[PDB]
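Novice: One structure follows; several queries about it will come next.
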Amino acid sequence: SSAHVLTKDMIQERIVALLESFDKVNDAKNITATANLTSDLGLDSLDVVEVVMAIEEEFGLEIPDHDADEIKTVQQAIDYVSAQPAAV
Amino acid sequence: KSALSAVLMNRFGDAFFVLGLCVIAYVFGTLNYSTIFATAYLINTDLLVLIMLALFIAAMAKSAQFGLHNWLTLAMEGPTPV
Amino acid sequence: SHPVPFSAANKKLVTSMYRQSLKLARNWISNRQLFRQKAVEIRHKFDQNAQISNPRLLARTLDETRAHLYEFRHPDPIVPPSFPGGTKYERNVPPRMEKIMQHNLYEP
Amino acid sequence: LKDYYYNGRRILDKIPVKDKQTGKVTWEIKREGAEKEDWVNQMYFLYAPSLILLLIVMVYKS
Amino acid sequence: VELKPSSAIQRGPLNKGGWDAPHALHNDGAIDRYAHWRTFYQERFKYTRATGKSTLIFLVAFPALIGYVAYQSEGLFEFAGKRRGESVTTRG
Amino acid sequence: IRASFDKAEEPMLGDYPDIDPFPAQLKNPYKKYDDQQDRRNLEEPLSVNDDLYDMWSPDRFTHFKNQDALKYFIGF
Ligand SMILES: CCCCCCCCCCCCCCCCCC(=O)OC[C@H](COP(=O)(O)OCCN)OC(=O)CCCCCCCCCCCCCCCCC
Ligand SMILES: CCCCCCCCCCCCO[C@H]1O[C@H](CO)[C@@H](O[C@H]2O[C@@H](CO)[C@H](O)[C@H](O)[C@@H]2O)[C@H](O)[C@H]1O
């Protein structure tokens with residue numbers, strides 16, 4: 001019935017779409033796995049929070065502070081979402 | 001913990017039910033319906049009020065009336081067919 | 001105390017406050033548009049005060065936001081079901097595949 | 001003999017079974033029978049039937 | 001004669017002969033200390049304004065209440081088969 | 001916070017530690033504990049009334065302080 005499985009490529013697609021549809025990004029084709037949120041994507045000290053909340057909403061998760069602050073790279077977010085069995 | 005809530009909040013009512021059974025066996029001398037409902041129109045109102053208050057507190061536990069309602073929402077921890 | 005206005009501790013604190021406010025807005029508000037409105041307004045209130053320099057007024061403002069978060073708490077917050085406060089959390093835990101440790105020389 | 005038997009039975013998880021024709025016995029795995037405890041013949045054939053008899057007697061003395 | 005035990009007595013150690021089974025429990029220490037405290041509470045108990053309250057409640061007042069009720073309700077009630085208008089009490 | 005029943009047992013603790021009880025229900029669920037269900041690490045000291053402050057104890061409610069809750073209940 002619930003025939004659905006997550007994969008790293010799928011997480012990457014959903015996260016890069018999430019970042020593409022965020023207006024406060026610098027602009028597109030800065031968004032890759034190696035991208036940094038502060039330096040490359042040009043995000044403030046609260047747009048990272050908005051991104052982490054959006055990732056929570058997207059993959060059906062709850063990211064505490066000690067695991068939220070240490071997300072500073074897109075690959076880090078992908079690693080994190082793939083390290084949660086309930087990532088939807 | 002929800003199951004414990006249910007079982008103990010209902011054994012409250014079962015204690016009051018046991019009291020009602022003792023009163024019925026004392027007053028009527030029997031627990032069978034055919035005698036109790038044949039005689040009930042003759043017995044002192046105070047004893048029947050005791051009996052039915054106890055049995056109603058039992059029903060107040062099982063039917064989730066207000067004073068003993070706390071287990072019914074906690075019982076939704078069980079599966080939906082339950 | 002010494003709440004430095006542009007340090008990492010202040011960054012953690014204010015990011016946590018922003019997360020808490022947005023989650024409270026999600027939990028209280030049923031409609032999506034009004035929730036986004038409130039989130040944008042909260043971001044506006046944080047951006048107005050992102051420029052503070054004096055640590056005294058800063059500490060006052062932080063205490064004020066603490067009081068606002070305590071005032072608009074939610075009793076039944078949204079948590080995903082598989083996560084600790086959830087409906088599915090410790091439902092069917094896979095058992096630890098341990099071997100039998102014997103206790104008697106004669107009894108299996 | 002008893003202690004050797006049971007210490008092997010616990011440490012190795014094997015009982016010794018001499019098979020039919022070859023005259024050599026070695027520790028084996030097969031534990032779905034061929035082993036009985038020393039309290040079984042007492043209880044299951046003196047104690048259980050006596051309690052069944054007590055039930056019968058109670059029922060027919062009622 | 002130096003008074004010493006008999007040289008004929010050959011002695012050896014006490015061996016209870018149990019099979020030392022593996023470690024099935026990992027003792028915690030904090031739990032064991034909590035358990036020792038809660039089991040041998042009796043040797044540390046002291047009479048204070050909190051403990052004497054519970055003593056003079058449960059060993060003086062509550063038995064006195066139950067006893068007053070029991071000795072007043074001794075042969076008061078007899079309501080087997082009682083009927084409308086008939087008094088269920090034997091006394092006033 | 002130590003309650004009445006907790007700081008009444010001060011004259012009886014002796015060499016046992018006087019620990020500030022904090023219920024496990026309110027402890028942070030997202031940290032990693034050795035017993036994640038009970039929210040306890042192995043050698044963690046236990047209060048004298050730990051039976052009351054463990055996860056199998058009755059539930060606490062954080063939103064309303066208990067006296068205000070009684071006001072609202074009996075008011076309704
Ligand atoms: C103080 C001395 C009392 C002496 C007289 C006896 C009075 C009644 C018994 C009370 C005694 C104290 C009981 C303490 C047992 C607690 C044991 C325990 O740990 O189980 C906890 C369990 C609830 O677990 P919980 O935290 O709620 O988890 C919920 C998440 N599912 O909790 C439970 O399951 C609760 C089970 C007990 C239910 C008691 C209900 C009483 C309510 C009365 C309402 C009034 C109704 C009107 C009655 C009219 C009478 C004339
Ligand atoms: C917290 C620890 C301290 C509390 C401990 C409490 C223990 C109880 C001690 C109180 C003893 C007083 O007990 C009291 O009872 C008897 C009767 O019961 C009284 O004496 C009465 O006895 C009756 C017979 O029952 C006589 O015939 C007569 O009527 C008299 O008036 C005494 O005046 C007194 O002895």
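Please note that chains go A, B, ... in the order of the structure tokens, that every chain numbers its residues from 1, and that ligands are numbered from 1 in the order shown.
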Using only C-alpha atoms, determine which residues of chain C fall within 10 Å of chain F; present them as an mmCIF file with C-alpha atoms, in the first residue's frame.
Specialist:
```
data_model
loop_
_atom_site.group_PDB
_atom_site.id
_atom_site.type_symbol
_atom_site.label_atom_id
_atom_site.label_comp_id
_atom_site.auth_asym_id
_atom_site.auth_seq_id
_atom_site.Cartn_x
_atom_site.Cartn_y
_atom_site.Cartn_z
ATOM 1 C CA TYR C 70 5.728 31.591 27.407
ATOM 2 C CA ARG C 73 2.614 28.424 24.374
ATOM 3 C CA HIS C 74 0.597 25.666 22.749
ATOM 4 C CA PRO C 75 -0.803 22.769 24.840
ATOM 5 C CA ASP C 76 -1.041 20.119 22.072
ATOM 6 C CA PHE C 83 9.288 11.137 16.900
ATOM 7 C CA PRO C 84 9.370 11.107 20.703
ATOM 8 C CA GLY C 85 6.048 12.776 21.531
ATOM 9 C CA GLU C 90 7.858 3.163 20.388
#
```
Novice: Kindly provide, as a list in words, the residues of chain E having any atom no farther than 12 Å from an atom of chain B, counting only C-alpha atoms.
Specialist: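 Per the criterion, chain E yields residues 77, 78, 79, 80, 81, 82, 83, 84, 85, 86, 87, 88 and 89 of chain E.
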Novice: Which polymer residues have any atom within 7 Å of an atom of segment 53-65 of chain B, counting only C-alpha atoms, with same-chain residues fewer than 6 positions away left out, as a PDB file with N, CA and C atoms, in the first residue's frame?
Specialist:
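Now in around_5.pdb:
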```pdb
ATOM      1  N   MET B   9      -9.138   2.688  36.700  1.00  0.00           N
ATOM      2  CA  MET B   9     -10.332   3.511  36.758  1.00  0.00           C
ATOM      3  C   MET B   9     -11.598   2.690  36.609  1.00  0.00           C
ATOM      4  N   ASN B  10     -11.517   1.513  35.990  1.00  0.00           N
ATOM      5  CA  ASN B  10     -12.663   0.620  35.937  1.00  0.00           C
ATOM      6  C   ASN B  10     -12.752  -0.310  37.138  1.00  0.00           C
ATOM      7  N   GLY B  13     -14.897   1.341  39.672  1.00  0.00           N
ATOM      8  CA  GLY B  13     -16.294   1.026  39.473  1.00  0.00           C
ATOM      9  C   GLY B  13     -16.643  -0.401  39.822  1.00  0.00           C
ATOM     10  N   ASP B  14     -15.716  -1.330  39.608  1.00  0.00           N
ATOM     11  CA  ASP B  14     -15.967  -2.714  39.983  1.00  0.00           C
ATOM     12  C   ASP B  14     -15.996  -2.892  41.492  1.00  0.00           C
ATOM     13  N   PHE B  16     -17.210  -0.574  43.509  1.00  0.00           N
ATOM     14  CA  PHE B  16     -18.561  -0.145  43.854  1.00  0.00           C
ATOM     15  C   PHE B  16     -19.608  -1.163  43.409  1.00  0.00           C
ATOM     16  N   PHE B  17     -19.376  -1.838  42.287  1.00  0.00           N
ATOM     17  CA  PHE B  17     -20.262  -2.913  41.860  1.00  0.00           C
ATOM     18  C   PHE B  17     -20.273  -4.053  42.868  1.00  0.00           C
ATOM     19  N   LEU B  19     -19.712  -3.837  46.061  1.00  0.00           N
ATOM     20  CA  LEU B  19     -20.545  -3.355  47.159  1.00  0.00           C
ATOM     21  C   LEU B  19     -22.027  -3.514  46.834  1.00  0.00           C
ATOM     22  N   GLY B  20     -22.419  -3.164  45.611  1.00  0.00           N
ATOM     23  CA  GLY B  20     -23.808  -3.325  45.219  1.00  0.00           C
ATOM     24  C   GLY B  20     -24.260  -4.772  45.235  1.00  0.00           C
ATOM     25  N   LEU B  72     -10.903   7.190  28.660  1.00  0.00           N
ATOM     26  CA  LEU B  72     -11.475   6.909  27.349  1.00  0.00           C
ATOM     27  C   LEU B  72     -10.649   7.538  26.240  1.00  0.00           C
TER      28      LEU B  72
END
```
Novice: Could you give me, as CSV, every chain A residue with an atom at most 12 Å from chain F, plus its closest atom pair and distance in Å to one decimal, counting only C-alpha atoms, rows ordered by chain then number?
Specialist:
```
residue,atom,partner,partner_atom,distance
A:62,CA,F:30,CA,9.4
A:63,CA,F:30,CA,8.9
A:64,CA,F:30,CA,7.0
A:65,CA,F:30,CA,9.7
A:66,CA,F:31,CA,9.2
A:67,CA,F:30,CA,9.6
```
Novice: For the residues in that selection, give me C-alpha atoms as a tab-separated table (two decimals), in the first residue's frame.
Specialist:
```
chain	number	residue	atom	x	y	z
A	62	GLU	CA	11.79	17.41	13.92
A	63	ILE	CA	15.32	18.82	14.05
A	64	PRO	CA	16.50	19.92	17.53
A	65	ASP	CA	18.80	22.88	18.08
A	66	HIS	CA	22.00	20.87	18.57
A	67	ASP	CA	21.30	19.18	15.21
```
Novice: Near chain B, which residues of chain F fall within 12 Å when you count only C-alpha atoms, and what do they look like as a compact mmCIF listing (two decimals) with C-alpha atoms, in the first residue's frame?
Specialist:
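What landed in selection_16.txt:
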```txt
# COMPACT_ATOMS: atom_id res chain seq x y z
CA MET F 55 8.86 7.74 33.48
CA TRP F 56 6.48 5.17 34.96
CA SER F 57 5.30 7.77 37.46
CA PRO F 58 2.05 9.65 36.81
CA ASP F 59 2.10 12.26 34.09
CA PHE F 73 -11.81 22.99 37.02
```
Novice: Using only C-alpha atoms and a distance of at most 12 Å, pull out the residues of chain C that contact chain B, as a PDB file with N, CA and C atoms, in the first residue's frame.
Specialist:
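Generated output (part-v4.pdb):
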```
ATOM      1  N   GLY C  86       5.225  11.358  19.743  1.00  0.00           N
ATOM      2  CA  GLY C  86       4.333  11.002  18.668  1.00  0.00           C
ATOM      3  C   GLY C  86       3.479   9.782  18.950  1.00  0.00           C
ATOM      4  N   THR C  87       2.523   9.569  18.051  1.00  0.00           N
ATOM      5  CA  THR C  87       1.564   8.483  18.163  1.00  0.00           C
ATOM      6  C   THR C  87       2.150   7.120  17.822  1.00  0.00           C
ATOM      7  N   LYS C  88       3.256   7.078  17.080  1.00  0.00           N
ATOM      8  CA  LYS C  88       3.828   5.846  16.550  1.00  0.00           C
ATOM      9  C   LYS C  88       5.204   5.547  17.130  1.00  0.00           C
ATOM     10  N   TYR C  89       5.642   6.301  18.137  1.00  0.00           N
ATOM     11  CA  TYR C  89       7.049   6.394  18.503  1.00  0.00           C
ATOM     12  C   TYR C  89       7.695   5.055  18.845  1.00  0.00           C
ATOM     13  N   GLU C  90       7.336   4.469  19.981  1.00  0.00           N
ATOM     14  CA  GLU C  90       7.858   3.163  20.388  1.00  0.00           C
ATOM     15  C   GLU C  90       6.831   2.066  20.124  1.00  0.00           C
ATOM     16  N   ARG C  91       6.394   1.960  18.872  1.00  0.00           N
ATOM     17  CA  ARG C  91       5.254   1.099  18.570  1.00  0.00           C
ATOM     18  C   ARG C  91       5.674  -0.361  18.435  1.00  0.00           C
TER      19      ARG C  91
END
```
Novice: Set the distance at 6 Å and use only C-alpha atoms: which residues neighbour segment 8-22 of chain F once local chain neighbours fewer than 3 positions away are removed? I'd like the list as a PyMOL selection string.
Specialist: (chain E and resi 44-45) or (chain F and resi 4-5+47)
Novice: Quick one, how far is atom CA of residue 65 of chain C from atom CA of residue 71 of chain F?
Specialist: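 Pair atom CA of residue 65 of chain C / atom CA of residue 71 of chain F returns 27.7 Å.
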Novice: Using only C-alpha atoms and all ligand atoms, which residues of the polymer chains come no farther than 10 Å from ligand 2? I'd like the answer as a PyMOL selection string.
Specialist: chain E and resi 52-57+59-61+64
Novice: Generate a file of the selected residues that holds N, CA and C atoms, formatted as a PDB file, in the first residue's frame.
Specialist:
```pdb
ATOM      1  N   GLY E  52       6.117  12.519  62.687  1.00  0.00           N
ATOM      2  CA  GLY E  52       5.163  12.414  63.770  1.00  0.00           C
ATOM      3  C   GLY E  52       3.752  12.752  63.345  1.00  0.00           C
ATOM      4  N   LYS E  53       3.610  13.614  62.339  1.00  0.00           N
ATOM      5  CA  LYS E  53       2.296  13.899  61.776  1.00  0.00           C
ATOM      6  C   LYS E  53       1.660  12.631  61.233  1.00  0.00           C
ATOM      7  N   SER E  54       2.402  11.900  60.405  1.00  0.00           N
ATOM      8  CA  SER E  54       1.881  10.675  59.822  1.00  0.00           C
ATOM      9  C   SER E  54       1.663   9.606  60.878  1.00  0.00           C
ATOM     10  N   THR E  55       2.527   9.552  61.888  1.00  0.00           N
ATOM     11  CA  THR E  55       2.328   8.606  62.979  1.00  0.00           C
ATOM     12  C   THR E  55       1.027   8.897  63.720  1.00  0.00           C
ATOM     13  N   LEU E  56       0.869  10.124  64.221  1.00  0.00           N
ATOM     14  CA  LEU E  56      -0.328  10.456  64.982  1.00  0.00           C
ATOM     15  C   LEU E  56      -1.573  10.520  64.114  1.00  0.00           C
ATOM     16  N   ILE E  57      -1.436  10.519  62.790  1.00  0.00           N
ATOM     17  CA  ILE E  57      -2.597  10.317  61.936  1.00  0.00           C
ATOM     18  C   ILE E  57      -2.948   8.838  61.876  1.00  0.00           C
ATOM     19  N   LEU E  59      -1.833   5.991  63.185  1.00  0.00           N
ATOM     20  CA  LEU E  59      -1.817   5.083  64.319  1.00  0.00           C
ATOM     21  C   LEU E  59      -2.634   5.563  65.508  1.00  0.00           C
ATOM     22  N   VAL E  60      -3.194   6.773  65.458  1.00  0.00           N
ATOM     23  CA  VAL E  60      -4.015   7.305  66.540  1.00  0.00           C
ATOM     24  C   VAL E  60      -5.365   7.763  66.007  1.00  0.00           C
ATOM     25  N   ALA E  61      -5.360   8.668  65.028  1.00  0.00           N
ATOM     26  CA  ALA E  61      -6.602   9.311  64.625  1.00  0.00           C
ATOM     27  C   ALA E  61      -7.464   8.384  63.780  1.00  0.00           C
ATOM     28  N   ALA E  64      -8.993   5.589  65.630  1.00  0.00           N
ATOM     29  CA  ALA E  64     -10.022   6.103  66.524  1.00  0.00           C
ATOM     30  C   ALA E  64     -11.304   6.403  65.766  1.00  0.00           C
TER      31      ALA E  64
END
```
Novice: With DSSP run on the backbone, what are the helix (DSSP H, G or I) residues within chain A? I'd like them as JSON, numbers by chain.
Specialist: {"A": [8, 9, 10, 11, 12, 13, 14, 15, 16, 17, 18, 19, 20, 47, 48, 49, 50, 51, 52, 53, 54, 55, 56, 57, 58, 59, 65, 66, 67, 68, 74, 75, 76, 77, 78, 79, 80, 81, 82]}
Novice: Can those selected residues be exported to a file as a short mmCIF file (atom, residue, chain, number, x, y, z; two decimals), in the first residue's frame so that it contains N, CA and C atoms?
Specialist:
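Done, and the output landed in selection-v4.cif:
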```
data_model
loop_
_atom_site.label_atom_id
_atom_site.label_comp_id
_atom_site.auth_asym_id
_atom_site.auth_seq_id
_atom_site.Cartn_x
_atom_site.Cartn_y
_atom_site.Cartn_z
N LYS A 8 19.01 9.06 -1.73
CA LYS A 8 19.80 10.28 -1.60
C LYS A 8 19.57 11.22 -2.77
N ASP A 9 19.41 10.67 -3.98
CA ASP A 9 19.13 11.51 -5.13
C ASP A 9 17.79 12.23 -4.97
N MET A 10 16.80 11.53 -4.41
CA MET A 10 15.48 12.11 -4.20
C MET A 10 15.53 13.22 -3.17
N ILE A 11 16.25 13.00 -2.07
CA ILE A 11 16.44 14.04 -1.06
C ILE A 11 17.13 15.24 -1.67
N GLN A 12 18.15 15.01 -2.49
CA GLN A 12 18.87 16.11 -3.12
C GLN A 12 17.96 16.91 -4.03
N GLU A 13 17.15 16.22 -4.84
CA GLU A 13 16.19 16.90 -5.70
C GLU A 13 15.25 17.78 -4.89
N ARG A 14 14.68 17.22 -3.82
CA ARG A 14 13.70 17.97 -3.06
C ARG A 14 14.34 19.16 -2.36
N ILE A 15 15.58 19.01 -1.89
CA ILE A 15 16.22 20.11 -1.17
C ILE A 15 16.65 21.21 -2.14
N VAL A 16 17.15 20.84 -3.32
CA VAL A 16 17.55 21.89 -4.26
C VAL A 16 16.32 22.61 -4.80
N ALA A 17 15.19 21.91 -4.94
CA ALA A 17 13.96 22.60 -5.30
C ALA A 17 13.54 23.56 -4.20
N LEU A 18 13.60 23.10 -2.95
CA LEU A 18 13.27 23.93 -1.80
C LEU A 18 14.11 25.20 -1.79
N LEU A 19 15.40 25.08 -2.08
CA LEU A 19 16.27 26.26 -2.07
C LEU A 19 16.04 27.12 -3.30
N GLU A 20 15.71 26.51 -4.45
CA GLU A 20 15.45 27.28 -5.65
C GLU A 20 14.24 28.18 -5.48
N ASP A 47 17.61 33.03 7.83
CA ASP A 47 17.15 32.30 6.65
C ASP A 47 17.61 30.85 6.70
N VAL A 48 18.74 30.58 7.34
CA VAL A 48 19.13 29.19 7.59
C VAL A 48 18.08 28.51 8.45
N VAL A 49 17.54 29.23 9.44
CA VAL A 49 16.48 28.68 10.27
C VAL A 49 15.24 28.40 9.43
N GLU A 50 14.90 29.33 8.54
CA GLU A 50 13.74 29.12 7.68
C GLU A 50 13.95 27.91 6.78
N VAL A 51 15.18 27.71 6.31
CA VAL A 51 15.49 26.55 5.47
C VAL A 51 15.37 25.26 6.27
N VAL A 52 15.83 25.27 7.52
CA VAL A 52 15.77 24.07 8.34
C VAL A 52 14.33 23.74 8.68
N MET A 53 13.51 24.76 8.93
CA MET A 53 12.09 24.54 9.15
C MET A 53 11.42 23.99 7.90
N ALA A 54 11.81 24.50 6.73
CA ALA A 54 11.25 23.99 5.49
C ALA A 54 11.65 22.54 5.26
N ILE A 55 12.86 22.16 5.66
CA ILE A 55 13.28 20.77 5.52
C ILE A 55 12.49 19.88 6.47
N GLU A 56 12.29 20.34 7.70
CA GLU A 56 11.40 19.65 8.64
C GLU A 56 10.03 19.41 8.02
N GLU A 57 9.42 20.46 7.49
CA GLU A 57 8.10 20.35 6.89
C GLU A 57 8.11 19.41 5.69
N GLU A 58 9.19 19.43 4.91
CA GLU A 58 9.22 18.66 3.68
C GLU A 58 9.32 17.17 3.97
N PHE A 59 10.31 16.78 4.77
CA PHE A 59 10.58 15.37 5.01
C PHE A 59 9.91 14.83 6.26
N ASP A 65 17.84 21.79 18.24
CA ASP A 65 18.80 22.88 18.08
C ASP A 65 20.22 22.36 17.87
N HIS A 66 20.64 21.38 18.68
CA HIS A 66 22.00 20.87 18.57
C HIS A 66 22.25 20.17 17.24
N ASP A 67 21.20 19.73 16.55
CA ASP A 67 21.30 19.18 15.21
C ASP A 67 20.89 20.17 14.13
N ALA A 68 20.27 21.29 14.50
CA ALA A 68 19.91 22.32 13.53
C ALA A 68 21.08 23.25 13.25
N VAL A 74 24.72 22.00 2.16
CA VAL A 74 23.58 21.30 1.60
C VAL A 74 23.77 19.79 1.72
N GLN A 75 24.98 19.31 1.44
CA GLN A 75 25.30 17.90 1.66
C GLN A 75 25.11 17.50 3.11
N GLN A 76 25.35 18.41 4.06
CA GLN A 76 25.10 18.08 5.46
C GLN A 76 23.61 17.83 5.69
N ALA A 77 22.76 18.67 5.11
CA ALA A 77 21.32 18.46 5.22
C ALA A 77 20.91 17.14 4.58
N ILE A 78 21.52 16.80 3.45
CA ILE A 78 21.16 15.56 2.77
C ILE A 78 21.58 14.36 3.61
N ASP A 79 22.80 14.40 4.14
CA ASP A 79 23.28 13.37 5.06
C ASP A 79 22.33 13.21 6.23
N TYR A 80 21.93 14.33 6.82
CA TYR A 80 21.07 14.30 8.00
C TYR A 80 19.72 13.67 7.67
N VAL A 81 19.11 14.10 6.57
CA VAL A 81 17.79 13.59 6.21
C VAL A 81 17.86 12.12 5.83
N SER A 82 18.98 11.67 5.28
CA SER A 82 19.14 10.26 4.99
C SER A 82 19.50 9.43 6.22
#
```
Novice: Apply DSSP to the structure's backbone, then extract all residues of chain D labelled strand (DSSP E) and return them as a PyMOL selection string.
Specialist: chain D and resi 15-18+25-28
Novice: Quote the spacing between atom CA of residue 72 of chain A and atom CA of residue 33 of chain A in Å to one decimal place.
Specialist: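 Pair atom CA of residue 72 of chain A / atom CA of residue 33 of chain A returns 11.3 Å.
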Novice: Find the residues in chain E near chain F: any atom within 7 Å counts, using only C-alpha atoms. Write them as a PyMOL selection string.
Specialist: chain E and resi 28-30+34+44-46+50
Novice: Output as a short mmCIF file (atom, residue, chain, number, x, y, z; two decimals) with N, CA and C atoms, in the first residue's frame the set of chain C residues within 7 Å of chain A, with distances taken over only C-alpha atoms.
Specialist:
```cif
data_model
loop_
_atom_site.label_atom_id
_atom_site.label_comp_id
_atom_site.auth_asym_id
_atom_site.auth_seq_id
_atom_site.Cartn_x
_atom_site.Cartn_y
_atom_site.Cartn_z
N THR C 15 18.35 32.22 17.11
CA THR C 15 17.85 31.24 16.16
C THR C 15 16.86 30.30 16.82
N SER C 16 17.14 29.88 18.05
CA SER C 16 16.20 29.05 18.79
C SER C 16 14.89 29.79 19.03
N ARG C 19 12.93 29.82 15.78
CA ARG C 19 12.34 28.51 15.55
C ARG C 19 11.11 28.31 16.42
N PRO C 80 5.78 15.01 14.58
CA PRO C 80 5.59 13.88 13.69
C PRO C 80 5.36 12.61 14.48
N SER C 82 6.47 9.45 14.34
CA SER C 82 7.57 8.56 14.67
C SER C 82 8.57 9.17 15.65
#
```
Novice: Output as a ChimeraX atom specification the set of chain D residues within 12 Å of chain E, with distances taken over only C-alpha atoms.
Specialist: /D:3,6-7,10-11
